[PDB]
Amino acid sequence: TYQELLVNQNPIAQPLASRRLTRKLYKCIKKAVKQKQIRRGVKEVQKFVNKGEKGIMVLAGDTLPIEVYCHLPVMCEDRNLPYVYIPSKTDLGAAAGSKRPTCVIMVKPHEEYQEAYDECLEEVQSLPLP
Amino acid sequence: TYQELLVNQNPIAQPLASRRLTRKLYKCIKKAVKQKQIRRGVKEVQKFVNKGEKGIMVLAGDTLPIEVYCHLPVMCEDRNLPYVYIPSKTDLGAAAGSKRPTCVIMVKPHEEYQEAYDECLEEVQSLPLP
Amino acid sequence: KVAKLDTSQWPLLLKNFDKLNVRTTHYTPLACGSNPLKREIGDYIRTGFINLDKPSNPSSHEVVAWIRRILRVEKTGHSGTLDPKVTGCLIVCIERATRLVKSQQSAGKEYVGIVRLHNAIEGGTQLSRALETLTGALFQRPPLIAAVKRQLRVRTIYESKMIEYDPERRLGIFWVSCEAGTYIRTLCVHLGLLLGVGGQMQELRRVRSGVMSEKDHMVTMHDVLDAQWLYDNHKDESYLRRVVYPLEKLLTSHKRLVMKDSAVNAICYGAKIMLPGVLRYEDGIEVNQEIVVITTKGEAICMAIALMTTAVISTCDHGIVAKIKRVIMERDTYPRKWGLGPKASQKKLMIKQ
Amino acid sequence: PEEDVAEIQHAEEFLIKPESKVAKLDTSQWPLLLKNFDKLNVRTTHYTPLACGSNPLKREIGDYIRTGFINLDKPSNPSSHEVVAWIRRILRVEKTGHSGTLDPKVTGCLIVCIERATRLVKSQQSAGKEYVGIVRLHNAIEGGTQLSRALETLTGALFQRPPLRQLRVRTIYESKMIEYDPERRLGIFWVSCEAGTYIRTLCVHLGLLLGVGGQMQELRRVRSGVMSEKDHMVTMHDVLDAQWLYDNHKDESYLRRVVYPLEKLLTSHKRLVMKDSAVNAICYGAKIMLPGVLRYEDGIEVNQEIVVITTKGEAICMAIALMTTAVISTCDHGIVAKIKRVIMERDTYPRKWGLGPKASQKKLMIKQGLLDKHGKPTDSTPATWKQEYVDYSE
Amino acid sequence: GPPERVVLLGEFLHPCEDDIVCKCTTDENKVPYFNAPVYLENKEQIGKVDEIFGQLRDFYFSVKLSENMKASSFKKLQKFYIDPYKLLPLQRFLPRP
Amino acid sequence: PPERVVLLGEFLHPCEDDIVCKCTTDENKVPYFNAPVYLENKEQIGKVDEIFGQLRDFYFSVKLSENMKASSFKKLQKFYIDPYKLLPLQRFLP
Amino acid sequence: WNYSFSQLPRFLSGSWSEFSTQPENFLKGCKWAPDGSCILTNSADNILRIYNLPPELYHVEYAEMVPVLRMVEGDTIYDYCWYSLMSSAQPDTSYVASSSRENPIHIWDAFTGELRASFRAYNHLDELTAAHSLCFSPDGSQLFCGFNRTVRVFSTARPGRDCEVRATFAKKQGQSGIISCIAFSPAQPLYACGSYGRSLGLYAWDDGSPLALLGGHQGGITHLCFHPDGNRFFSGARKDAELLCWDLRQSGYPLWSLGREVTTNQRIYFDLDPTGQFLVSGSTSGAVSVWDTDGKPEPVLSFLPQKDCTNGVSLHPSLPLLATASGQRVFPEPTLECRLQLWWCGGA
Amino acid sequence: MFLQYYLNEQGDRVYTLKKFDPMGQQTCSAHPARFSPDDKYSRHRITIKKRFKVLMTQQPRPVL
Amino acid sequence: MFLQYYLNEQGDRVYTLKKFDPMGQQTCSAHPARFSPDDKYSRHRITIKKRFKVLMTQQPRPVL
RNA sequence: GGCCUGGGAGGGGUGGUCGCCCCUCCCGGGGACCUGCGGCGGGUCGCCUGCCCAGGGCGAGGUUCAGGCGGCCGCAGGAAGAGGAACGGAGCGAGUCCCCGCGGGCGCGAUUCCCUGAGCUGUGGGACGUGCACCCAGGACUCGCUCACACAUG
RNA sequence: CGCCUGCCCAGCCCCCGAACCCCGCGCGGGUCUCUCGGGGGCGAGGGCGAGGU
């Protein structure tokens, strides 16, 4: 199933998360949404990266046109924030308990899922960079 | 013989009836000839379609020049009448109970043969656009 | 390597120049012009246009305002209004290219839109027939503006096509090729009346503006801003030279008339195009026809009106080949070289003597 | 490589370079009377073009129809007079004519001339015509060789009489047997003949000459002078549809495939290109004098029918050549041709006679009383003028 | 008030959202004024001309009905009539010579 | 009855209720329409109805009188006309 | 027969099978006709369905109910309602109003299911805007309908675009937001507009002049009901726990607050008796709560129609019949069927 | 009407009395369709001639 | 909004309402990204469009 | 339609080069610039003139439609030798028309500013602060300023 | 015959048979213009002792 979504990826969607890492990131988002500790829109995510709030920024790798969110990767590299792509925007929205898609989510750290957060964070920073 | 008749065909003769649909249509015409429900030739069919009759208009795909009957397809579409091209002019006249070829005939419905008429009508209504 | 290139692969108005009729092959070249693609970046932008993909929120006059802030220019024009929520091909002429706006605004447009029907129809074929009915020269009431009731007018729809229909949402994609000034919102209302169910234009996008389309050379507003930024901060022209194109690209459909370098400046000062200065001339020049007059380096001098046909040019030895419609090129791009010719010298000599 | 071409386009300089080689035109693909304009003999290049008319092909649609014709395929119910009356009504036009009367049940080439092209109808009516008919013999024949021998016999200048008047002579240039059917006693024949040849009468004579007897079953005209059934031939439906498309869609495209300018009928004739100042003079019924000749075609002979054209390729008039090609090339003055039929309207080109040097000289001498009011000499005239000025009235 | 006479404007086709779409059949292909009163042959006002659309020589028009009228009342090919001063000639909309 | 008669033509094969004849008149002179055709003894055979063929060598059909029959005439049998109902080629030729 | 919630309502036939055609379908309320002949239901498939009153009631097991009409819309149905003065004795009165996304206010004939009329609301640019709410006047002459910052008043006699426009927000003052519900006072000459902007507004019928503007609710208001007294009325909202009781006398502040579980952005309906004594309401949990209005409304009963949201509740005007509509939006995960139901609430 | 034809390799009409070619296919009738001036099917003829790309405008342009 | 598209084999836009093309790939929105004149992310877009070889300057140059 | 007219020579008849008639032979003449349009080339009861006994009839003539298929007559335009290697342009500005569906568009701030609404909507929707930039550019006509008045150097 | 209905003649379209033509040994088989006979659709060019206002 995962390999079918791999057709729809962008030119700029790297580093793409591994199949198991994608599953870890969704489970971390579900817990963060329950705790009220995420940001969803480009509108939102952009606002709080400017303020300098830390978190793992998860991006949808099938977002088109790329002009809507392609500024965000460099905004993270300016502030050394960890970011990563995932196969689909619909699943990223579904991870946050929504029927409509979204192209970006930033997961904040919190006590209730601190170990799951650190496990995701560790693997995100370890990814090979293009 | 059906496949050989495609060599003789006319530029505007679509949708063409299949080999089996052609067979079904002839037998519906023959039944309608016995009950005197059909209308034959351009002059009569043009008059009756304009007057307000409805049915299935069977056109001949060997007809040349096309100017004799190429107005009829759009006369059907103005009144939502189904129409279809069969391969031959000579076969249409033989089925219509005439010893000369004919370019167009209109078959009207009747209680005597509604089963055969319904098989043709629904298959002709289902025909794809070129 | 230009020697290897066939004349069919020469750029813009020099394309297929060897198939123009040759009057004379001799002239004195002058180091004055450049090929339109190799204009110095300042001049390149001042004679250029953008094939823009308009965004879906702002008005078309706001968009061209934004372009003239970014590029830092005083004048722009825009090849026909798109309504605030409409997207697609908007030719934005910059500075001296604004002289061409009437030719661009009057050109044939193409649109891809969505009509929403207010009740169910039998199917996609029924919508397809109502579109065939609204082909050709149609009546359309121009909308009220400042409480000024404009009269009913005629606009041609050249072609129509029903691309897709969705019976669930009662939505239908249509493609329309049409005359300039056709109201597509009004077309969808009429298409709804003709079906009997009712209708409204849900959505619209312009896929062609005359010579330019969405197929090639089209850029978004981000490219325009982004290309300017790269030039401002890193002194790189490369990006700007792919966003902006020279106005000669808008004139490649017109019949050509190539002039000697001596004649160029005279025509820019308002002299009529005379026959002794013509090097080459295209087949199919008619009387009272709009033609493009060009240099030997492919630069557009002016839009001219032909007062000789192709055949007449071939037979004559002097006289007015064309009058000016609109001068494109600046004065003194080329030097003044008029009055030096044999007959003109003889005239001035015999007046003095 | 497409990308390699694109890279050269932006890197390297393009220029239409100067050369010393002679500039050679190719006018072989130019339309109608401008075809091989280059090959005409040039008398002079020095004149002032006027920018009043048009290239015949690119006239505005109103002027295009008024100066045009239709190579019609006549349908089989109506008369030829009724057919042209329909076309007159369809195109919304004042006058119409045709290239030879086909009987009600006869089909084929009928050159329907429109408005100002109706000035050519006499020329088209006198042109040679080809037919394909069916002779139906009353009794049986040994074989198709006999019917061919009858057609071989009637090739030449024949006696003929009209159908139901005086005896008339009509030449049949060529005749041929296409095929014969012994069952139904029908034989297809093709005949090339002069205008006014009665094919009904030919079928009766074929019947009498064979001995079996016969009559014409049906007939079709395949050629009418220059136009044929494979040359731009169009039907009454096309004529109606092309007008309708222009009315409802504002689309001239179909009309311009149906109608062609009258200049297409005159492509066979030898050309004489007049100077723009001389055009309207000839339209008013002037003599075609030498001062106004720009170009003239090779192989013009005396008493030959020539087409006199403008520099734009419009036909001014049909004319009879008084000078040969060799005489036009060498002479100083004279009458080159006389009008046969003026095609072009008056005041298409402006009225520009009497402005020249020698014409203005004559006007001055009439004002001075050196010549009489009607331009004739006096005793007081200089011997230079009296000797040199060859008055063509004589 | 009621006009002295009325000329054939057009015939009834299908209703469309509580106003009636009608094929225009005028002599000389004349075009009605916008908001021109539409009458039945009894010279009773049924409505006013709202839209005019279609090809120049085969055009339609919708009729915004009166206070008391209903779109269900009219039958197929029922004729409607207009005050002849409230027509215009087709030549006006055709291009200038 | 004619005053004198001149050769009209010789007999060719018959037609339906007519006799076709090849003309052999002196100086190719053409007979008038509806002119009476005679035998050698000035006995009228019929009347000339149609004339056809080339200007130099041409044919003529004779509508027979009620007494005569088309089958009876022999091969190359000669027929005659009064000289006042003949015309020269120079009327038709130019 | 008379209403009695001393006992739990007895089950009576419902429909489940036809709603299960589409995946993740759910009902969007139910409404009895004002004569009590039939019940109208909206659903996520955008199909209004009319079910007749069960014959087996007057005639024990009941078969699964089948709708006499299905009237299809091409977009999300925002609101729908019976004609105010409907009677099954008159075909001219039996019809259903319905508004939908980017479409006109359709009028459907309640016997044949044909499109009978269309009211059309355009903005200043001459573009069609869809009504988010519908309400006929108590005379049945006018059709009030809510939009963003404005009510329109179409005359029922003249179907079309013609309408009296009534702005509720003028120069940043008044009732803001989409007007989500209208309701008229049985006694007084006024109507109440609820908005998705938190506030309630009261307006005079004849003029449309504001009588009052009321706060209270912590979410977008979704429904209104006037008591047959005329003085008292009730309101409810989306993602809001309280059902607020109001009074036209002693106005400005809600008299009481009644608790109910509402945790979705849904129009969870509630309805009074014809007599006005009981008040029934649905819930996102599923539990249908009942209060006796005759002081603060006292809780009478709570029962569970199904293990799912009870979005619609409707009380029959003559008989003791409670109708209940079920279902809600299911939310996905990265890689019970909904139903109408009837319930006998008569005494022993 | 007896006169039929089939097109030659050159492009010109070969007239014949038979209803089939030497190469098997049917011969067309030599005469054009019957025409009457009351005809009001110009829209209809054009409409389908456009669809099948057989309208006279859409063919290759002639040589003049 | 509602208009989507996918490219055919010769690079032409094929418009459609459906979210997936006939080969199962996602369709793009027909409309360009929303623009702001006060956008300050020009550096950022160039930076990664260069990185992934999808900046306009790195594409095959157009034939004029 | 058996065309019209003049001169010379020969023969016959008649009267006072001399007059008239008939026949044969030879020769001359029947003219009047160019182009365009219309009419005549039997049978149209549609109009007018004339004749007879708002009326009726007619073997004659004419105009405008309809029909049939080269020469003469009428009317109209010309009475024509064929010119002109800067004519008479441009670029701006203003006034007036045409064009002309344009309070909406953009950004930031704080209670994550609110919101996965069943309401468009997170590739965005809204509230309150606040600021910001848009509402032209063209063409035509008309009256100014500037630059030229250019036949393009073998 | 002012109007309407009905009838007859002329004209147009479709089907069948006979004669004629072609092939074979009164006999058998296969086509087509004109002519003759029968059936179906259609009056405003002409006529009518019928019916209605």
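To match Swiss-Prot, the residue numbers of chain G are left as they are there, and the shown ones run 146-204, 209-443, 449-489, 510-522.
We read in the header that electron microscopy, 3.0 Å was used to get this structure.
From the backbone N, Cα and C atoms, a Cβ is placed for every residue, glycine too.
What Swiss-Prot says about this one:
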MOD_RES   G:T489  phosphothreonine
REPEAT    G:222-267  repeat 'WD 2'
REPEAT    G:272-313  repeat 'WD 3'
REPEAT    G:323-364  repeat 'WD 4'
REPEAT    G:365-405  repeat 'WD 5'
Å between C-alpha atoms of G:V209 and G:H204, the residues bounding 4 unmodelled positions: 10
For the repeat 'WD 2' (G:222-267), the number of residues DSSP places in helix, strand and coil: 0 helix, 21 strand, 25 coil
Length in angstrom of the chain break flanked by G:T489 and G:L510 (20 residues not modelled, CA to CA): 21
Surrounding CB atoms that lie within 10 Å of the CB of G:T489 (phosphothreonine), all protein chains: 12
End-to-end CA distance across 5 missing residues (from G:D443 to G:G449, Å): 7
The repeat 'WD 5' (G:365-405) - residue tally per DSSP class, helix then strand then coil: 0 helix, 19 strand, 22 coil
